[PDB]
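Student: I am attaching a structure below and will ask some questions about it afterwards.
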Amino acid sequence: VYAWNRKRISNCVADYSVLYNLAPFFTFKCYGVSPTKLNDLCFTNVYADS
Amino acid sequence: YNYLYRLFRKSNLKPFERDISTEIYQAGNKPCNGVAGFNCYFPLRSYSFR
């Protein structure tokens, strides 16, 4: 928690609907954007944290 | 939390389609049956009266 890994998703077409179908991935609701169609809409500079 | 509000619904609603009967979100093979489990939300939360 005190030292997050630095990694980002770039030039990818990674599907997020397979994650939604997966039972472990239980949080998919989105406050300001589309909850289920997040992957379909285009975006840039996605950063990841652990 | 006497002033309940429906933050989550099935999808977007047309005008005059107000939320009267509470139908919680279903995102699995089994319908939400009496449990506020993961990916299943209830409108029962404080309305920020503090």
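By order in the structure tokens, chains are A, B, ...; within a chain, residues start at 1; ligands start at 1, following the order shown.
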Go through chain A and collect every residue that DSSP, computed from the backbone, puts in strand (DSSP E); the answer should be as a PyMOL selection string.

Tutor: chain A and resi 7-9+46-48

Student: Do me a favour and pick out the residues of chain A within 9 Å of chain B, using only C-alpha atoms, as a PyMOL selection string.

Tutor: chain A and resi 21+23+25-29

Student: Leaving out segment 41-43 of chain A and any residue of its chain fewer than 2 positions from it, which residues lie within 12 Å of it when counting only C-alpha atoms, given as a list in words?

Tutor: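 The contact residues come out as residues 9, 10, 11, 12, 13, 14, 15, 16, 33, 34, 35, 36, 37, 38, 39, 45, 46 and 47 of chain A.
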
Student: Residues near residue 9 of chain B, anyone? I mean within 8 Å using only C-alpha atoms, not counting same-chain ones fewer than 5 positions away, as a ChimeraX atom specification.

Tutor: /B:23-25

Student: Could those residues be written to a file, using C-alpha atoms, as a PDB file, in the first residue's frame?

Tutor:
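Below is the file out-v7.pdb, written as the result:
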```pdb
ATOM      1  CA  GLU B  23     -35.824  -3.606  -7.806  1.00  0.00           C
ATOM      2  CA  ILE B  24     -32.159  -4.071  -6.925  1.00  0.00           C
ATOM      3  CA  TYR B  25     -29.530  -4.689  -9.587  1.00  0.00           C
TER       4      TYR B  25
END
```

Student: Show me, as a VMD selection string, the residues that have an atom within 12 Å of residue 21 of chain B when counting only C-alpha atoms, minus same-chain residues fewer than 4 positions from it.

Tutor: chain B and resid 6 9 17 43

Student: Determine which residues of chain A receive a DSSP assignment of helix (DSSP H, G or I), computed from the backbone, and state them as a PyMOL selection string.

Tutor: chain A and resi 17-21

Student: Report, in Å with one decimal, the straight-line distance from atom CA of residue 20 of chain A to atom CA of residue 1 of chain A.

Tutor: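 Answer for the atom CA of residue 20 of chain A to atom CA of residue 1 of chain A separation: 24.9 Å.
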
Student: Could you tell me how far atom CA of residue 49 of chain A lies from atom CA of residue 5 of chain A, in Å and to one decimal?

Tutor: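 These atoms are spaced 6.1 Å apart.
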
Student: Please provide as a compact mmCIF listing (two decimals) with N, CA, C and O atoms, in the first residue's frame all residues within 8 Å of residue 1 of chain B, with the sequence filter that same-chain residues fewer than 2 positions apart are discarded (counting only C-alpha atoms).

Tutor:
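Written out: out_18.txt:
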```
# COMPACT_ATOMS: atom_id res chain seq x y z
N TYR B 3 -34.72 9.40 4.47
CA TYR B 3 -34.93 9.87 3.10
C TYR B 3 -34.14 8.98 2.15
O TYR B 3 -33.05 9.31 1.68
N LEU B 4 -34.72 7.82 1.86
CA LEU B 4 -34.07 6.85 0.98
C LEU B 4 -34.00 7.38 -0.45
O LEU B 4 -34.93 8.05 -0.93
N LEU B 44 -30.51 1.30 1.06
CA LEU B 44 -30.47 1.63 2.48
C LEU B 44 -29.08 2.16 2.83
O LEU B 44 -28.14 1.41 3.13
N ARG B 45 -28.95 3.48 2.79
CA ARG B 45 -27.73 4.16 3.21
C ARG B 45 -28.08 5.55 3.70
O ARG B 45 -29.12 6.12 3.34
N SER B 46 -27.21 6.10 4.54
CA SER B 46 -27.42 7.44 5.09
C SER B 46 -27.46 8.48 3.97
O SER B 46 -26.73 8.38 2.99
N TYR B 47 -28.32 9.48 4.14
CA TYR B 47 -28.50 10.54 3.16
C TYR B 47 -27.65 11.76 3.49
O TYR B 47 -27.98 12.87 3.06
N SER B 48 -26.56 11.58 4.23
CA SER B 48 -25.63 12.65 4.59
C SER B 48 -26.33 13.77 5.35
O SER B 48 -26.39 14.92 4.92
N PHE B 49 -26.87 13.41 6.52
CA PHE B 49 -27.50 14.37 7.42
C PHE B 49 -26.53 14.94 8.44
O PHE B 49 -26.92 15.79 9.24
```

Student: Report, in Å to a single decimal, how far apart atom CA of residue 10 of chain B and atom CA of residue 31 of chain A are.

Tutor: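 Pair atom CA of residue 31 of chain A / atom CA of residue 10 of chain B returns 14.5 Å.
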